[PDB]
Amino acid sequence: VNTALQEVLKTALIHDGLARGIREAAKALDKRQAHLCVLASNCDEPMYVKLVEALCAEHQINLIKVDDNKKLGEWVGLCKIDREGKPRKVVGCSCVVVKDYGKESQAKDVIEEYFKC
Amino acid sequence: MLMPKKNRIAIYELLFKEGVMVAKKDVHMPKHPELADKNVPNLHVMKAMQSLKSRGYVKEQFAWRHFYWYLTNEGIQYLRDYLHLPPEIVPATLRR
Amino acid sequence: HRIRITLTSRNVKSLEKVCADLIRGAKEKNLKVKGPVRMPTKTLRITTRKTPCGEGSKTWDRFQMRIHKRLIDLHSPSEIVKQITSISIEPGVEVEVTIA
Amino acid sequence: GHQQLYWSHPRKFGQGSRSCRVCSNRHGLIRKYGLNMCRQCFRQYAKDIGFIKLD
Amino acid sequence: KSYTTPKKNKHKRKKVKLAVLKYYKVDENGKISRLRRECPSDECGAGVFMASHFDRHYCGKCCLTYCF
Ligand SMILES: [Zn+2]
């Protein structure tokens, strides 16, 4: 499930369909364009856990969780200078939402049957 | 570089369909004739193109106003990496 | 019903030779034709200053262009005129098919 | 608001809207037949526009 | 290099933390709330939010100001 969701993130980054971030995530929530997102959990968030569970539990959004925040934005490319390898300066993410225009893939049927069952 | 993301994408796709772009060097002209489907000032187009010249993926030529950008094959690789498109489609200039 | 051909030339001897050869074509097809009319040439007047800046005696130059135009009337059907116009072309004369 | 402050001087007439078609200057333009050239660029481009000096 | 006249700056956005969460107040149960206004019109998008001034709300692009 994790590798398939990562390649969905990569293909949506290639297609420029995803809306990386949080304000534009709320924009997609208000436009009702939230189908899959990666939700942070058990992190050191002082007044953010209640609001992030509120925005994840808003309108037909997947219950996809991640262990930590700093490794979610490494795939997104928040400060990913020097594309051939690892950057010398990077800040992690909190939330990413995807709008898979190229939704159809080999593992997408497995992912939706995992979620819907 | 005060330019939107769609403007670079459309300019790069315009450079894919025709390999060399023409432009008139004047800042007092924001109604671009050669790209008329979208409103775009020519000043920011020439700023992005001199940025790409300082990158070093495309040539430079002058005919009294007329900046001619001759693209290289490694420049084709860099631009197709920027759009993240497969190299299956050849340039139309390369099509005989 | 009536047709006409207009021939504007930069040169003069090319104009005379092309018009004479088209008269010879109109006579080898043996058709009653109004002959060419020698329209006047235009004496072009451009006068500039040779000096880039201002110093000394002011010496000018007289620059002239030569343009020579003709009209020839035709009474022949138009397709033969198209066929004789599509052959014997030359770089420098933009031909016309006057219709009225 | 510099998009509407940029065209705060309209260009419709005068020598501010007209310039050379070769070297882009605003002195001594040729308005004969819409050449829109200055004198010296016309002088160095007079040989290749089909010209002989006669009188 | 420098002028004897003083210089006035330009509107630079400073280091601001926890601002957009001010548009989502933490309530008791699962009620989607809103403390400030939005566009009733559509020339500004639904994700565009109003300002909180002394007596009026200002739209991001449309500049349609409605006072109280
Ligand atoms: Zn609005």
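We're sticking with Swiss-Prot numbering for chain D, so the shown stretch reads 2-56, in order.
If you're wondering, the header gives electron microscopy, 4.5 Å.
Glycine too: its Cβ is placed from the backbone N, Cα and C atoms.
What Swiss-Prot records for this protein:
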| type | residues | note |
| --- | --- | --- |
| MOD_RES | D:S9 | phosphoserine |
| MOD_RES | D:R12 | omega-N-methylarginine |
| BINDING | D:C21, D:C24, D:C39, D:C42 | Zn(2+) binding site |
| MOD_RES | D:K48 | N6-acetyllysine |
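Shown here: features listed in Swiss-Prot, placed on the structure.
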residue	record	DSSP class
D:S9	phosphoserine	coil
D:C21	Zn(2+) binding site	coil
D:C39	Zn(2+) binding site	coil
D:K48	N6-acetyllysine	coil
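On a Cα basis, D:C21 (Zn(2+) binding site) lies 23 Å away from D:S9 (phosphoserine). Neighbour density at the Cβ, taken as the number of other Cβ atoms within 10 Å, is lowest among the binding-site residues D:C21, D:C24, D:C39, D:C42 for D:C24.
Taking the Cα of the residue listed as 'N6-acetyllysine' as the reference point, the closest of the binding-site residues D:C21, D:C24, D:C42 is D:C42. Of D:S9, D:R12, D:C21, D:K48, listed as recorded positions, those near chain B by the criterion of a Cβ under 8 Å from one of its Cβ atoms are D:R12.
Note: D:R12 (omega-N-methylarginine) has non-local neighbours D:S18, i.e. same-chain residues 6+ apart with C-beta under 8 A of its own C-beta.
What surrounds the Zn(2+) site, by Cβ distance within 8 Å of the Cβ centroid and not counting D:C21, D:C24, D:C39, D:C42, is the set D:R22, D:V23, D:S25, D:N26, D:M38, D:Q41, D:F43 from the same chain. Around the Cβ of D:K48 (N6-acetyllysine), 10 further Cβ atoms fall within 10 Å across all displayed protein chains.
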